[PDB]
Amino acid sequence: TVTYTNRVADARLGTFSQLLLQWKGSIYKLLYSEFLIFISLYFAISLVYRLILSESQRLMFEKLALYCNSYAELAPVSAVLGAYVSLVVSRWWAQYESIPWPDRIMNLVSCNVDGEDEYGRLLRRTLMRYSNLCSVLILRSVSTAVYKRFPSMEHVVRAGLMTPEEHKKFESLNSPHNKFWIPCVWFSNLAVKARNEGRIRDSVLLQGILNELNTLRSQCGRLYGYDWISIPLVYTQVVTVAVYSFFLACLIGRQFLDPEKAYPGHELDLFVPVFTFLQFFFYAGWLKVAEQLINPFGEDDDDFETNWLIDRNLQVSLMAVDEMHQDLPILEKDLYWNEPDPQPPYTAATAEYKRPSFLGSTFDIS
Amino acid sequence: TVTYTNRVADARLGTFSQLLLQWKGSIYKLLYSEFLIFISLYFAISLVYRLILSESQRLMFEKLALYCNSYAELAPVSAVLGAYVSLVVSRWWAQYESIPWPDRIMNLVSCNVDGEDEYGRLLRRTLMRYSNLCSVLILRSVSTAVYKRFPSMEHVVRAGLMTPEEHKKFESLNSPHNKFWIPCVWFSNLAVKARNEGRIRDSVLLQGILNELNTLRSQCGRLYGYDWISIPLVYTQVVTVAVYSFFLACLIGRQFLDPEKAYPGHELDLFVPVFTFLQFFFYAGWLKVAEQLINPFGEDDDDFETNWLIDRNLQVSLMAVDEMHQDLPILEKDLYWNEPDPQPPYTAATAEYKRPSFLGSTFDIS
Amino acid sequence: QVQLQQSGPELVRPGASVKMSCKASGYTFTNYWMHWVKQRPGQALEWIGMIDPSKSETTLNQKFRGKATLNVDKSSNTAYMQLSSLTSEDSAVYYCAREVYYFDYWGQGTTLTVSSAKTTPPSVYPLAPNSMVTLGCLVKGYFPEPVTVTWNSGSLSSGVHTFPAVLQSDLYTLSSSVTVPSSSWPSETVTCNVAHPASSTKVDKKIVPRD
Amino acid sequence: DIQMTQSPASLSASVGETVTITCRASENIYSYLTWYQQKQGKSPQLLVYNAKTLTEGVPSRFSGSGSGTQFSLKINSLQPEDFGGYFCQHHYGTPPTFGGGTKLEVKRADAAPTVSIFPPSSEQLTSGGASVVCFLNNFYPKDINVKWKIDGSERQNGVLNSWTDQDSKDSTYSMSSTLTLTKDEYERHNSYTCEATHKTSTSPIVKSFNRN
Ligand SMILES: [Ca+2]
Ligand SMILES: [Ca+2]
Ligand SMILES: [Ca+2]
Ligand SMILES: [Cl-]
Ligand SMILES: [Cl-]
Ligand SMILES: [Cl-]
Ligand SMILES: [Cl-]
Ligand SMILES: [Cl-]
Ligand SMILES: [Cl-]
Ligand SMILES: [K+]
Ligand SMILES: [K+]
């Protein structure tokens, strides 16, 4: 979604440094408001101490700052943050791999639903649409980016993802629960009806198509599960309390105390707590990692591009089962027909990558 | 169960702060009693020191508090807690994915058990009910929320999940072990009988239905396993001893000592140990994460909604194999019949999400 | 059936603020984004902004940033728009439309007028002088819009031209002509009837031939 | 912002004809364009959406086409209802800007203005003001020019004009000019003439009245 994969292809001098100059989906964009509030609260307190407090009050503030500073301990925050962010990152990738792709069903329906006639075409196209509908229905239930594009079931129809008859049949089936599973049932029924009409040869081929459907259903179920079963609220609150406890301590503890009083650890007054602000970016940015990926179907810069996926799948799906049904290129002899050990060429820039075969660690390289 | 998924969809200013104001399934609700006992014991000790102890006794208490305080070290608590809570969270999600869903069998039974006559209807409905019964039986064995709804096998019958004849057959089979596996055997026998009566064409389609059944059986087994094999008691005791050792140290060590005596580290008397209480919420709340998820089938706010699942599955199951058997909508040409590269519309709010196709990192974006 | 019923026409003084409504019915309120369009004579339709009924998320037009405010009432299924620091240019027709990849249902409209003129009753003056003689009525110095002009309490309809009112020194003025056969006049008594609901004024002035 | 340029500003045709309105996008808007029909005073109505698809009520005689930056509405076999306002709107992003509009008027045969000048009413003269009205009903085309002359001298200060919409019965236009004076200045002069210039003739159709 914010892909920088090609920039970090090689481990060169500025592979990671270069990324510090990027704004989209960056730490700066996510921390902006929070940082300013921290900056303000800090320098506000700083001025109250330097310009308002009396000599006697300053001594209390200095004793208060030493107290707060002794409780700004990152080690317990690092523990709970690391674990929590790891859990979030784990679910984040699991949810991505749970985004259903038509390609596996697409391959079967395109080759195993017979007929080069309008009905065979309508049959294959309708089968794929029942799959894509099973997906769009669940995606608009879990993704705010998708829902804002399909806020009502009418949007789904007008967008060409569901026919008005299907919508009528949809409404006809009385159920109080999410009907995303409906198209998945129609598919199995339509696949069976297609087999009875002689459009699907064996039952082996029919069950094979039904299996890939069930897999797609399991994908939609995983998406529903992650949307329904949030990370337990108490856990989320714990990590925010821990993080905020630290920044609360820093707000006062990290104040630059009187250099003259010569407090151990506070010999220099720089006015601006460089390393404390650098610690803020670290931990507040680390918390923002979880903050952003805890729901990867939202509208964040790094949240999944679910609407593009819907578009890509629609186009490719129908194209593979319609224009490509039993439609192949001209079979030719391959360029290596009489060559048992082909030696495909290399460009000038890639010849260093033509390597001898790795036979195994045990063999002597001679 | 306590779903806040939509609140945390985007990483905005108060994405996580807002959650600190929620009570249901919160850290406050789970820590309430414990926190009060801690608060009390602390201020009780505090008053004994300030108002009761003699000048000589106060000197011993101050020496005792310095001793206790040197042993309130979270680093070992963070270590064992993080690992233990990680284990609990792991089992927590594994148990959720082990809750059986009818949808995969539902799809096969609905399309592959032939007959639009009362027997075909009774056959399909009875097959699904054998699945839902295999589940309800195991759920009421592992979930206290479900058991309190089906405390006796009579409740199961009166609720319409098992017929009185089935209950008779159930009792007729003499076995000292949990019979949750019985309906799963009936299903396989009824599915075979259905095939012999000609209601199931091939054995390929029959084995396909038998496989999804076996899968559901493995799900019920996983639920039984997690209920039977608790996290080893010794491990659970270790983490509570470690946590309690810390709070025991804090009770005395974190007391505000005499400022006049000028003990290094105790220069300021605030009466209320703000950061120690913030540490209590952190660690006691962190332990409550494990405390709540160690048995996700209980009656906690964040424990799974097993009774709703049973209701939803019952409704959807029967509906898909009865009202939807070979019942499809009117096949129409799709809105993109003559459009090879469809461009589904976008709402005003979602047009920014219409992106160009991602071809790969290696390709030049031009 | 989908129906968007907006509030009635409004009249405010420059600098004040106004808040018009739009009550939707016949469809799930929260599943369709509500838009607001400004319609001024001679200019093109201006998009003010939109609102997401569910979460009350507003998205305004940069051109209306400080002038317009949007919010809804999910309970009453009505949407609202507030215009502040009203000037003479904020006078126009305001619509509310439903979006479904398009604006398929609009409201009747809310006409907003901004002027510092108080309600004034219309002064009806008769206009009297070859086969068909032309007569007319002159409605001057009234405010605010509109006024209903009929001849013989509506019975004489055909052959009438009521011209659009104009603004003359913060007061409206309009004309109304009627042509009848010279045989029917002054033979048949002819009298125009001017209705001014804003002041509850109902005047009838029979056009007597010149003396 | 995306700029919607609509043309022609107004098209004139008669029943049975086939017209074509054109909207052009500042930048690629794919098939995200809608066509609305709005009759003076009423709220607009959806005709075509998604550039080609007709809505519910729309009759087969309406059809849309185009994609990218060039779109067009085509109304073949016109009807009496099809006369009025027509505008477009893009639906690719925010803000969804609208088109300039197109006034579809009826075309007929040219016609001369029936000028009728009226002197100030006695009820008005006693009120302290004097207004000389001059009507110019049922003509064509919409173009017209009215001039006032108080005692031969040209009069331009104090005149207020008002035109009407093309009549839905005879397809002709109308306007009314009103010269307003003070009761003092009105009785210091004799003749109040109302000269009208049109394309129906070379000589201005003048109608006056004298204070004598
Ligand atoms: Ca690399
Ligand atoms: Ca997110
Ligand atoms: Ca529990
Ligand atoms: Cl530390
Ligand atoms: Cl599933
Ligand atoms: Cl610092
Ligand atoms: Cl430690
Ligand atoms: Cl098993
Ligand atoms: Cl403390
Ligand atoms: K580097
Ligand atoms: K925050």
# chains A, B, ... in the order shown; residues from 1 in each chain; ligands from 1
>>> residues_around(residues="segment 38-43 of chain C", least_positions_apart="3", cutoff="6 Å", atoms="only C-alpha atoms", output="list in words")
residues 46, 92, 93 and 94 of chain C
>>> write_last_selection(atoms="N, CA and C atoms", output="mmCIF file, in the first residue's frame")
data_model
loop_
_atom_site.group_PDB
_atom_site.id
_atom_site.type_symbol
_atom_site.label_atom_id
_atom_site.label_comp_id
_atom_site.auth_asym_id
_atom_site.auth_seq_id
_atom_site.Cartn_x
_atom_site.Cartn_y
_atom_site.Cartn_z
ATOM 1 N N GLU C 46 -23.101 25.095 -7.522
ATOM 2 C CA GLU C 46 -21.936 25.000 -6.657
ATOM 3 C C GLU C 46 -22.139 23.876 -5.651
ATOM 4 N N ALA C 92 -29.597 32.487 -2.399
ATOM 5 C CA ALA C 92 -29.703 31.504 -3.469
ATOM 6 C C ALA C 92 -30.699 30.409 -3.118
ATOM 7 N N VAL C 93 -30.767 29.383 -3.960
ATOM 8 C CA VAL C 93 -31.574 28.199 -3.701
ATOM 9 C C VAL C 93 -30.624 27.104 -3.241
ATOM 10 N N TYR C 94 -30.969 26.434 -2.148
ATOM 11 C CA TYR C 94 -30.116 25.399 -1.589
ATOM 12 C C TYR C 94 -30.820 24.053 -1.616
#
>>> select_by_dssp(residues="segment 100-334 of chain A", states="helix (DSSP H, G or I)", output="PyMOL selection string")
chain A and resi 103-112+118-142+144-147+153-158+164-172+179-196+203-228+233-253+274-293+306-321
>>> residues_near_ligand(ligand="ligand 1", cutoff="8 Å", atoms="only C-alpha atoms and all ligand atoms", output="JSON, numbers by chain")
{"A": [8, 9, 10, 11]}
>>> interface_residues(of="chain B", to="chain D", cutoff="12 Å", atoms="only C-alpha atoms", output="short mmCIF file (atom, residue, chain, number, x, y, z; two decimals) with N, CA, C and O atoms, in the first residue's frame")
data_model
loop_
_atom_site.label_atom_id
_atom_site.label_comp_id
_atom_site.auth_asym_id
_atom_site.auth_seq_id
_atom_site.Cartn_x
_atom_site.Cartn_y
_atom_site.Cartn_z
N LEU B 335 -23.62 -6.61 -15.78
CA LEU B 335 -23.54 -5.24 -16.27
C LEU B 335 -22.30 -5.00 -17.12
O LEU B 335 -22.25 -4.01 -17.85
N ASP B 341 -12.71 -4.52 -19.72
CA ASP B 341 -12.00 -3.82 -18.64
C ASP B 341 -12.94 -2.91 -17.86
O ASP B 341 -12.89 -1.69 -17.98
N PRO B 342 -13.78 -3.51 -17.00
CA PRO B 342 -14.73 -2.71 -16.23
C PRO B 342 -14.05 -1.69 -15.32
O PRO B 342 -12.96 -1.93 -14.78
N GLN B 343 -14.72 -0.56 -15.13
CA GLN B 343 -14.24 0.52 -14.27
C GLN B 343 -15.35 0.84 -13.27
O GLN B 343 -16.02 1.88 -13.37
N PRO B 344 -15.58 -0.05 -12.30
CA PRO B 344 -16.62 0.18 -11.29
C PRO B 344 -16.52 1.56 -10.67
O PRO B 344 -15.41 2.04 -10.38
N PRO B 345 -17.65 2.22 -10.45
CA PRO B 345 -17.64 3.59 -9.94
C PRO B 345 -17.11 3.67 -8.51
O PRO B 345 -16.91 2.67 -7.82
N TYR B 346 -16.87 4.91 -8.10
CA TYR B 346 -16.43 5.23 -6.75
C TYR B 346 -17.31 6.35 -6.22
O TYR B 346 -17.72 7.24 -6.96
N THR B 347 -17.58 6.31 -4.92
CA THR B 347 -18.33 7.40 -4.32
C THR B 347 -17.45 8.64 -4.25
O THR B 347 -16.25 8.61 -4.54
N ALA B 348 -18.07 9.77 -3.88
CA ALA B 348 -17.31 11.01 -3.80
C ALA B 348 -16.19 10.88 -2.78
O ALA B 348 -15.07 11.34 -3.01
N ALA B 349 -16.49 10.27 -1.63
CA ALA B 349 -15.54 10.12 -0.55
C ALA B 349 -14.43 9.10 -0.83
O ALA B 349 -13.39 9.15 -0.16
N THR B 350 -14.60 8.19 -1.79
CA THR B 350 -13.62 7.12 -2.01
C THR B 350 -12.86 7.20 -3.32
O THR B 350 -12.14 6.25 -3.66
N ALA B 351 -12.98 8.29 -4.07
CA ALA B 351 -12.30 8.36 -5.37
C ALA B 351 -10.79 8.37 -5.23
O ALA B 351 -10.07 7.94 -6.14
N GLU B 352 -10.27 8.88 -4.10
CA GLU B 352 -8.83 8.89 -3.89
C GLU B 352 -8.27 7.48 -3.83
O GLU B 352 -7.06 7.30 -4.00
N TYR B 353 -9.12 6.49 -3.61
CA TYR B 353 -8.70 5.10 -3.47
C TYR B 353 -8.71 4.33 -4.78
O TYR B 353 -8.43 3.13 -4.78
N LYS B 354 -9.01 4.99 -5.90
CA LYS B 354 -8.91 4.36 -7.22
C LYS B 354 -7.46 4.52 -7.66
O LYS B 354 -7.06 5.60 -8.11
#
>>> residues_around(residues="residue 210 of chain A", least_positions_apart="5", cutoff="9 Å", atoms="only C-alpha atoms", output="PDB file with N, CA, C and O atoms, in the first residue's frame")
ATOM      1  N   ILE A 105      -9.983 -20.415  -8.198  1.00  0.00           N
ATOM      2  CA  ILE A 105     -11.277 -20.799  -8.763  1.00  0.00           C
ATOM      3  C   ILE A 105     -11.321 -20.416 -10.231  1.00  0.00           C
ATOM      4  O   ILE A 105     -11.786 -21.179 -11.087  1.00  0.00           O
ATOM      5  N   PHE A 187     -23.247 -20.285  -5.655  1.00  0.00           N
ATOM      6  CA  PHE A 187     -22.162 -20.844  -6.453  1.00  0.00           C
ATOM      7  C   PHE A 187     -22.218 -22.369  -6.450  1.00  0.00           C
ATOM      8  O   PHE A 187     -22.207 -23.002  -7.511  1.00  0.00           O
ATOM      9  N   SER A 188     -22.265 -22.979  -5.262  1.00  0.00           N
ATOM     10  CA  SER A 188     -22.291 -24.436  -5.193  1.00  0.00           C
ATOM     11  C   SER A 188     -23.522 -25.000  -5.896  1.00  0.00           C
ATOM     12  O   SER A 188     -23.438 -26.021  -6.589  1.00  0.00           O
ATOM     13  N   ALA A 191     -23.008 -24.464  -9.591  1.00  0.00           N
ATOM     14  CA  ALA A 191     -21.988 -25.368 -10.103  1.00  0.00           C
ATOM     15  C   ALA A 191     -22.561 -26.763 -10.289  1.00  0.00           C
ATOM     16  O   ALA A 191     -22.197 -27.472 -11.234  1.00  0.00           O
ATOM     17  N   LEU A 205     -14.230 -33.234 -11.184  1.00  0.00           N
ATOM     18  CA  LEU A 205     -14.037 -31.844 -11.581  1.00  0.00           C
ATOM     19  C   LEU A 205     -14.996 -30.923 -10.839  1.00  0.00           C
ATOM     20  O   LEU A 205     -14.661 -29.762 -10.578  1.00  0.00           O
ATOM     21  N   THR A 215     -12.617 -23.023   0.168  1.00  0.00           N
ATOM     22  CA  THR A 215     -11.424 -22.295   0.584  1.00  0.00           C
ATOM     23  C   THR A 215     -11.690 -20.796   0.592  1.00  0.00           C
ATOM     24  O   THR A 215     -11.356 -20.098   1.556  1.00  0.00           O
TER      25      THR A 215
ATOM     26  N   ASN B 107     -22.455 -25.731   2.479  1.00  0.00           N
ATOM     27  CA  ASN B 107     -22.412 -25.569   1.028  1.00  0.00           C
ATOM     28  C   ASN B 107     -22.535 -26.903   0.297  1.00  0.00           C
ATOM     29  O   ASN B 107     -23.228 -26.995  -0.721  1.00  0.00           O
ATOM     30  N   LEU B 108     -21.860 -27.945   0.787  1.00  0.00           N
ATOM     31  CA  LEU B 108     -21.916 -29.238   0.108  1.00  0.00           C
ATOM     32  C   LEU B 108     -23.272 -29.913   0.271  1.00  0.00           C
ATOM     33  O   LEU B 108     -23.877 -30.353  -0.715  1.00  0.00           O
TER      34      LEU B 108
END
>>> residues_around(residues="residue 179 of chain B", least_positions_apart="3", cutoff="10 Å", atoms="only C-alpha atoms", output="list in words")
residues 134, 137, 138, 170, 171, 173, 174, 175, 176, 182, 183 and 184 of chain B
>>> write_last_selection(atoms="N, CA and C atoms", output="PDB file, in the first residue's frame")
ATOM      1  N   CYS B 134     -23.175 -31.963  17.050  1.00  0.00           N
ATOM      2  CA  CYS B 134     -21.799 -32.307  17.400  1.00  0.00           C
ATOM      3  C   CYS B 134     -21.120 -31.100  18.051  1.00  0.00           C
ATOM      4  N   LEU B 137     -22.924 -29.978  21.603  1.00  0.00           N
ATOM      5  CA  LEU B 137     -22.512 -30.907  22.651  1.00  0.00           C
ATOM      6  C   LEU B 137     -21.130 -30.565  23.207  1.00  0.00           C
ATOM      7  N   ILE B 138     -20.167 -30.244  22.335  1.00  0.00           N
ATOM      8  CA  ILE B 138     -18.826 -29.896  22.803  1.00  0.00           C
ATOM      9  C   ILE B 138     -18.792 -28.501  23.423  1.00  0.00           C
ATOM     10  N   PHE B 170     -29.275 -41.734  21.699  1.00  0.00           N
ATOM     11  CA  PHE B 170     -28.122 -41.228  22.426  1.00  0.00           C
ATOM     12  C   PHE B 170     -27.914 -42.040  23.706  1.00  0.00           C
ATOM     13  N   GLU B 171     -28.972 -42.159  24.515  1.00  0.00           N
ATOM     14  CA  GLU B 171     -28.906 -42.908  25.764  1.00  0.00           C
ATOM     15  C   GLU B 171     -28.656 -44.389  25.508  1.00  0.00           C
ATOM     16  N   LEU B 173     -26.786 -45.890  23.441  1.00  0.00           N
ATOM     17  CA  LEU B 173     -25.368 -46.169  23.241  1.00  0.00           C
ATOM     18  C   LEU B 173     -24.624 -46.007  24.563  1.00  0.00           C
ATOM     19  N   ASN B 174     -24.209 -47.127  25.155  1.00  0.00           N
ATOM     20  CA  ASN B 174     -23.577 -47.133  26.472  1.00  0.00           C
ATOM     21  C   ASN B 174     -22.096 -46.792  26.355  1.00  0.00           C
ATOM     22  N   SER B 175     -21.702 -45.645  26.916  1.00  0.00           N
ATOM     23  CA  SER B 175     -20.312 -45.223  26.914  1.00  0.00           C
ATOM     24  C   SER B 175     -20.067 -44.297  28.094  1.00  0.00           C
ATOM     25  N   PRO B 176     -18.970 -44.490  28.830  1.00  0.00           N
ATOM     26  CA  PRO B 176     -18.678 -43.631  29.985  1.00  0.00           C
ATOM     27  C   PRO B 176     -18.069 -42.292  29.615  1.00  0.00           C
ATOM     28  N   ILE B 182     -20.853 -38.686  18.984  1.00  0.00           N
ATOM     29  CA  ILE B 182     -21.976 -39.478  18.473  1.00  0.00           C
ATOM     30  C   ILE B 182     -22.600 -38.837  17.234  1.00  0.00           C
ATOM     31  N   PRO B 183     -23.147 -37.604  17.297  1.00  0.00           N
ATOM     32  CA  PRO B 183     -23.757 -37.017  16.089  1.00  0.00           C
ATOM     33  C   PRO B 183     -22.835 -37.039  14.899  1.00  0.00           C
ATOM     34  N   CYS B 184     -21.534 -36.988  15.153  1.00  0.00           N
ATOM     35  CA  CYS B 184     -20.576 -36.985  14.063  1.00  0.00           C
ATOM     36  C   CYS B 184     -20.533 -38.359  13.386  1.00  0.00           C
TER      37      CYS B 184
END
>>> atom_distance(atom1="atom CA of residue 156 of chain C", atom2="atom CA of residue 82 of chain D")
28.5 Å
>>> residues_near_ligand(ligand="ligand 4", cutoff="6 Å", atoms="only C-alpha atoms and all ligand atoms", output="number ranges by chain")
A: 73-75
>>> residues_near_ligand(ligand="ligand 10", cutoff="12 Å", atoms="only C-alpha atoms and all ligand atoms", output="PDB file with N, CA and C atoms, in the first residue's frame")
ATOM      1  N   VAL A   8      14.634  -0.496  -1.021  1.00  0.00           N
ATOM      2  CA  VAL A   8      15.405  -1.263  -0.059  1.00  0.00           C
ATOM      3  C   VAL A   8      15.847  -2.597  -0.653  1.00  0.00           C
ATOM      4  N   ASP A  10      18.677  -3.290  -2.180  1.00  0.00           N
ATOM      5  CA  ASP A  10      20.066  -3.530  -1.826  1.00  0.00           C
ATOM      6  C   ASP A  10      20.428  -2.818  -0.533  1.00  0.00           C
ATOM      7  N   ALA A  11      21.424  -3.366   0.151  1.00  0.00           N
ATOM      8  CA  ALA A  11      21.911  -2.806   1.406  1.00  0.00           C
ATOM      9  C   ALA A  11      23.097  -1.904   1.082  1.00  0.00           C
ATOM     10  N   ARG A  12      22.781  -0.676   0.670  1.00  0.00           N
ATOM     11  CA  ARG A  12      23.790   0.299   0.303  1.00  0.00           C
ATOM     12  C   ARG A  12      23.970   1.308   1.440  1.00  0.00           C
ATOM     13  N   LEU A  13      24.721   2.380   1.167  1.00  0.00           N
ATOM     14  CA  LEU A  13      25.029   3.381   2.190  1.00  0.00           C
ATOM     15  C   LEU A  13      23.780   3.957   2.849  1.00  0.00           C
ATOM     16  N   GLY A  14      22.844   4.458   2.051  1.00  0.00           N
ATOM     17  CA  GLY A  14      21.673   5.105   2.615  1.00  0.00           C
ATOM     18  C   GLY A  14      20.364   4.358   2.458  1.00  0.00           C
ATOM     19  N   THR A  15      20.432   3.025   2.383  1.00  0.00           N
ATOM     20  CA  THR A  15      19.234   2.201   2.218  1.00  0.00           C
ATOM     21  C   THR A  15      18.120   2.600   3.183  1.00  0.00           C
ATOM     22  N   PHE A  16      18.443   2.751   4.465  1.00  0.00           N
ATOM     23  CA  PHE A  16      17.426   3.092   5.452  1.00  0.00           C
ATOM     24  C   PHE A  16      17.370   4.582   5.755  1.00  0.00           C
ATOM     25  N   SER A  17      18.513   5.271   5.701  1.00  0.00           N
ATOM     26  CA  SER A  17      18.548   6.712   5.936  1.00  0.00           C
ATOM     27  C   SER A  17      17.648   7.459   4.959  1.00  0.00           C
ATOM     28  N   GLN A  18      17.691   7.072   3.678  1.00  0.00           N
ATOM     29  CA  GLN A  18      16.852   7.697   2.658  1.00  0.00           C
ATOM     30  C   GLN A  18      15.379   7.700   3.043  1.00  0.00           C
ATOM     31  N   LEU A  19      14.921   6.660   3.742  1.00  0.00           N
ATOM     32  CA  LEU A  19      13.513   6.533   4.095  1.00  0.00           C
ATOM     33  C   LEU A  19      13.092   7.530   5.161  1.00  0.00           C
ATOM     34  N   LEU A  20      14.048   8.166   5.840  1.00  0.00           N
ATOM     35  CA  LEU A  20      13.727   9.163   6.849  1.00  0.00           C
ATOM     36  C   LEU A  20      13.248  10.465   6.231  1.00  0.00           C
TER      37      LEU A  20
END
>>> interface_residues(of="chain A", to="chain C", cutoff="10 Å", atoms="only C-alpha atoms", output="list in words")
residues 147, 148, 149, 150, 151, 152, 153, 154, 155, 156, 158 and 159 of chain A
>>> write_last_selection(atoms="N, CA and C atoms", output="short mmCIF file (atom, residue, chain, number, x, y, z; two decimals), in the first residue's frame")
data_model
loop_
_atom_site.label_atom_id
_atom_site.label_comp_id
_atom_site.auth_asym_id
_atom_site.auth_seq_id
_atom_site.Cartn_x
_atom_site.Cartn_y
_atom_site.Cartn_z
N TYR A 147 -16.52 0.07 2.54
CA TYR A 147 -17.87 0.46 2.94
C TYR A 147 -18.21 1.87 2.46
N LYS A 148 -17.27 2.81 2.56
CA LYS A 148 -17.59 4.16 2.11
C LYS A 148 -17.81 4.22 0.60
N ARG A 149 -17.44 3.16 -0.12
CA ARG A 149 -17.67 3.06 -1.55
C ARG A 149 -18.93 2.26 -1.85
N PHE A 150 -19.35 1.40 -0.91
CA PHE A 150 -20.56 0.60 -1.03
C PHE A 150 -21.37 0.72 0.26
N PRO A 151 -21.76 1.95 0.63
CA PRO A 151 -22.45 2.16 1.91
C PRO A 151 -23.76 1.40 2.04
N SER A 152 -24.42 1.13 0.92
CA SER A 152 -25.70 0.44 0.90
C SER A 152 -25.66 -0.65 -0.15
N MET A 153 -26.54 -1.64 0.03
CA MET A 153 -26.60 -2.74 -0.93
C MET A 153 -26.98 -2.25 -2.32
N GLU A 154 -27.57 -1.06 -2.43
CA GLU A 154 -27.88 -0.49 -3.74
C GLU A 154 -26.60 -0.13 -4.48
N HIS A 155 -25.60 0.39 -3.75
CA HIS A 155 -24.32 0.72 -4.38
C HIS A 155 -23.70 -0.52 -5.00
N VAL A 156 -23.79 -1.66 -4.30
CA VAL A 156 -23.25 -2.91 -4.82
C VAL A 156 -23.91 -3.25 -6.15
N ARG A 158 -25.71 -1.14 -8.30
CA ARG A 158 -25.41 -0.14 -9.32
C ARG A 158 -23.97 -0.19 -9.80
N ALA A 159 -23.06 -0.75 -9.00
CA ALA A 159 -21.66 -0.85 -9.39
C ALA A 159 -21.40 -2.03 -10.30
#
>>> interface_residues(of="chain D", to="chain C", cutoff="7 Å", atoms="only C-alpha atoms", output="NGL selection string")
:D and (34 or 43 or 46 or 49 or 91 or 95-100 or 116 or 118 or 121 or 123-124 or 162-164)
>>> write_last_selection(atoms="C-alpha atoms", output="PDB file, in the first residue's frame")
ATOM      1  CA  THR D  34     -24.045  12.219 -14.899  1.00  0.00           C
ATOM      2  CA  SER D  43     -35.412  20.672  -8.714  1.00  0.00           C
ATOM      3  CA  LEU D  46     -31.299  12.438 -12.995  1.00  0.00           C
ATOM      4  CA  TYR D  49     -25.462   8.245 -14.842  1.00  0.00           C
ATOM      5  CA  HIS D  91     -18.411  12.017 -10.082  1.00  0.00           C
ATOM      6  CA  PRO D  95     -15.544  18.413  -5.150  1.00  0.00           C
ATOM      7  CA  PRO D  96     -17.922  17.031  -7.868  1.00  0.00           C
ATOM      8  CA  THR D  97     -18.111  20.187  -9.977  1.00  0.00           C
ATOM      9  CA  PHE D  98     -21.112  20.827 -12.248  1.00  0.00           C
ATOM     10  CA  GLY D  99     -21.350  22.001 -15.854  1.00  0.00           C
ATOM     11  CA  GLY D 100     -22.312  25.466 -17.062  1.00  0.00           C
ATOM     12  CA  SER D 116     -49.095  48.771 -25.092  1.00  0.00           C
ATOM     13  CA  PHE D 118     -49.972  52.946 -20.026  1.00  0.00           C
ATOM     14  CA  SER D 121     -52.668  55.600 -12.486  1.00  0.00           C
ATOM     15  CA  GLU D 123     -54.164  56.248  -7.313  1.00  0.00           C
ATOM     16  CA  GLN D 124     -50.393  56.390  -7.787  1.00  0.00           C
ATOM     17  CA  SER D 162     -38.308  42.491 -16.879  1.00  0.00           C
ATOM     18  CA  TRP D 163     -38.458  39.635 -19.410  1.00  0.00           C
ATOM     19  CA  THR D 164     -40.320  36.317 -19.297  1.00  0.00           C
TER      20      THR D 164
END
>>> residues_near_ligand(ligand="ligand 5", cutoff="8 Å", atoms="only C-alpha atoms and all ligand atoms", output="number ranges by chain")
A: 214-215, 217-222; B: 100-104
>>> residues_around(residues="residue 171 of chain D", least_positions_apart="3", cutoff="7 Å", atoms="only C-alpha atoms", output="count of residues only")
5
>>> residues_around(residues="residue 35 of chain B", least_positions_apart="5", cutoff="10 Å", atoms="only C-alpha atoms", output="ChimeraX atom specification")
/B:28,30,40-41,277,280-281,284-285
>>> residues_near_ligand(ligand="ligand 6", cutoff="6 Å", atoms="only C-alpha atoms and all ligand atoms", output="ChimeraX atom specification")
/A:273-276
>>> write_last_selection(atoms="N, CA and C atoms", output="PDB file, in the first residue's frame")
ATOM      1  N   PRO A 273      15.227  19.328  25.147  1.00  0.00           N
ATOM      2  CA  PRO A 273      15.590  17.942  25.498  1.00  0.00           C
ATOM      3  C   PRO A 273      15.692  17.073  24.247  1.00  0.00           C
ATOM      4  N   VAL A 274      16.804  17.258  23.529  1.00  0.00           N
ATOM      5  CA  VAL A 274      17.039  16.557  22.264  1.00  0.00           C
ATOM      6  C   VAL A 274      16.765  15.062  22.392  1.00  0.00           C
ATOM      7  N   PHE A 275      17.454  14.393  23.320  1.00  0.00           N
ATOM      8  CA  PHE A 275      17.295  12.947  23.423  1.00  0.00           C
ATOM      9  C   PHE A 275      15.931  12.550  23.970  1.00  0.00           C
ATOM     10  N   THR A 276      15.275  13.416  24.742  1.00  0.00           N
ATOM     11  CA  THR A 276      13.949  13.052  25.224  1.00  0.00           C
ATOM     12  C   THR A 276      12.960  13.112  24.071  1.00  0.00           C
TER      13      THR A 276
END
